[PDB]
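For the protein sequence lines, the chains are A and B, in the order given.
Here the first sequence is numbered in full-length UniProt numbering, starting from 2 and rising by one per residue.
Here the second sequence is numbered in full-length UniProt numbering, starting from 2 and rising by one per residue.
A virtual CB, placed ideally from N, CA and C, is assigned to each residue, including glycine.
There are 2 protein chains.
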Amino acid sequence: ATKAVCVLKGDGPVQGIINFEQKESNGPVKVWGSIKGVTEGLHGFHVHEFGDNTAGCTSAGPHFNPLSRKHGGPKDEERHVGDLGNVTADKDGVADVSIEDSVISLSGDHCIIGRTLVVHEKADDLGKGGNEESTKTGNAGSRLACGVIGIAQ
Amino acid sequence: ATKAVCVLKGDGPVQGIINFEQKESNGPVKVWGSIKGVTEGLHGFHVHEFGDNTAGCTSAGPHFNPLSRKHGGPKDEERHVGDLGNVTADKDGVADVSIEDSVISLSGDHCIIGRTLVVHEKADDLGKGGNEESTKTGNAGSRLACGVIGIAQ
Ligand SMILES: [Cl-]
Ligand SMILES: [Cl-]
Ligand SMILES: [Cu+2]
Ligand SMILES: [Cu+2]
Ligand SMILES: [Zn+2]
Ligand SMILES: [Zn+2]
């Protein structure tokens, strides 16, 4: 299988390790791991275009959107390639991440390797929020931690 | 694509930002930037196989070596793809990096996107030391700082 990994860090207490595995060419990508230091509830979770952390998470730019679509949720046909929805933290501030997605890839034009994974302050409204930002960013707010997605063994 | 970036970090603090640019896929990659916090003199400088920083720089594994060749200097035919030689720090502990390399790439099978850039404790002996490690690691010693190479705007 092809594999990738991302270490999430930021300016505050949020940190985690996220794994990716794609067993078959153009097949589903399994995304799993854990994030700690976040508030209980849902937090937006996306791949952003640039693997640039020079000024922290802001340097990663907008959502990864090679097909020029509107923002949505991962279950929607209308979404950015990088739109992985929300992750959910428990009362301890720990989110167990377990996603399977077939729009991201670990090769080709939808490849996410070398791009940035970002966990946000607020929930992503999945494009359902009724204001213009909703179909751009999902209103997920500030970037609490990020990392560059790297090739894994 | 045509640009990449890497934020190097390690204990010291050792800190740097390294940029990569490739005009066309059949051309060389320019590698430039600055590294601070290291001892005066030459330090080994390589792309390692994995973009995995989970336990720091050790997690990046061996030099990026898709052809299974021996370790060398950047000028040599017999080298690893990731063998970028040495960078040189001044009395103030700052290295100004300025390399052009024809073997690394920002696309294709020698693509370094999603891999780890590492600066070392010691100089790289370019495979011309007397010992068996010379033609594996160049005897560059510990890993002072690293980061994952990301796609840049
Ligand atoms: Cl959802
Ligand atoms: Cl040299
Ligand atoms: Cu995001
Ligand atoms: Cu090295
Ligand atoms: Zn989006
Ligand atoms: Zn080498």
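Under 6 angstroms from any heavy atom of ligand 4, does the C-beta of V119/B make it?
Translated into the one-based positions of the second sequence, residue 119/B becomes position 118. The answer is yes for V119/B.
Using a Cβ cut-off of 8 angstroms, which residues of the region 35-61 of chain B contact any Cβ in chain A, in chain order?
If the cut-off is 8 angstroms between Cβ atoms, the region 35-61 of chain B has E50, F51, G52, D53, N54 and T55 near chain A.
DSSP state of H111/A, grouped into three classes?
Here the question's residue 111/A lines up with position 110 in the first sequence. It is helical.
Taking the alpha-carbon positions, what's the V48/B to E101/A distance?
Walking along the second sequence from the start, residue 48/B turns up at place 47. Walking along the first sequence from the start, residue 101/A turns up at place 100. In this structure, the alpha-carbon of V48/B lies about 30 angstroms from that of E101/A.
Please identify, using Cβ separations under 8 angstroms, the residues of the region 88-117 of chain B that lie next to chain A, in order along the chain.
Cβ contacts with chain A come from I114, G115, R116 and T117.
I need the DSSP call for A124/A, collapsed to helix, strand or coil.
For the purposes of this step, residue 124/A is taken as the residue at position 123 of the first sequence. Correct three-state label for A124/A: coil.
Outcome for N27/B when other beta-carbon atoms lying within 10 angstroms are tallied against a minimum of 16
Taking the second sequence and counting its residues from 1, the one referred to as residue 27/B is at position 26. Around the CB of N27/B, fewer than 16 other CB atoms lie within 10 Å, so the residue is classed as exposed.
Which stretch, first to last residue, makes up the beta strand (DSSP E) that contains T40/B?
Here residue 40/B corresponds to residue number 39 of the second sequence, with the count starting at 1. Premise fails: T40/B is in no beta strand (DSSP E) and is neither H nor E.
Taking only beta-carbon atoms, is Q154/A less than 7 angstroms away from chain B?
In the first sequence, residue 154/A corresponds to position 153, counting from 1. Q154/A belongs to the set of residues whose beta carbon lies under 7 angstroms from a beta carbon in chain B.
Relative to ligand 4, is the shortest distance from any of its heavy atoms to the C-beta of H47/B smaller than 6 angstroms?
The sequence position of residue 47/B within the second sequence is 46, counting from 1. Yes - ligand 4 has a heavy atom lying nearer than 6 angstroms to the Cβ of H47/B.
If you scan the region 30-115 of chain A from start to end, which runs of the beta strand (DSSP E) of 3 or more residues do you find wholly inside it?
The region 30-115 of chain A contains, as complete beta strand (DSSP E) runs of 3+ residues, the segments 30-37, 42-49, 55-58, 84-90 and 95-102 (chain order).
Is DSSP giving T136/B helix, strand or coil here?
For the purposes of this step, residue 136/B is identified with residue 135 of the second sequence, where counting begins at 1. Per DSSP, reduced to three states, the secondary structure at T136/B is helical.
Could you tell me how far apart the beta carbons of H72/B and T138/B are, in whole angstroms, since I believe they sit closer than 8 angstroms?
Working through the second sequence from its first residue, we reach residue 72/B at position 71. Working through the second sequence from its first residue, we reach residue 138/B at position 137. The distance from the Cβ of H72/B to that of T138/B is about 6 angstroms, consistent with a contact at the 8 angstroms cut-off.
May I ask which residues mark the beginning and end of the beta strand (DSSP E) holding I19/B?
Counted from its first residue, the second sequence places residue 19/B at position 18. Where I19/B is concerned, the enclosing beta strand (DSSP E) stretches over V15 to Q23.
When burial is assigned at 16 or more other CB atoms within 10 Å of the CB, is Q154/A buried or exposed?
If you number the first sequence from 1, residue 154/A lands on position 153. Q154/A comes out exposed.
Give the straight-line distance between the Cα atoms of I18/A and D77/B, rounded to the nearest whole angstrom.
On the first sequence, position 17 is the one that residue 18/A refers to. On the second sequence, position 76 is the one that residue 77/B refers to. Counting only the Cα atoms, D77/B lies some 38 angstroms from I18/A.
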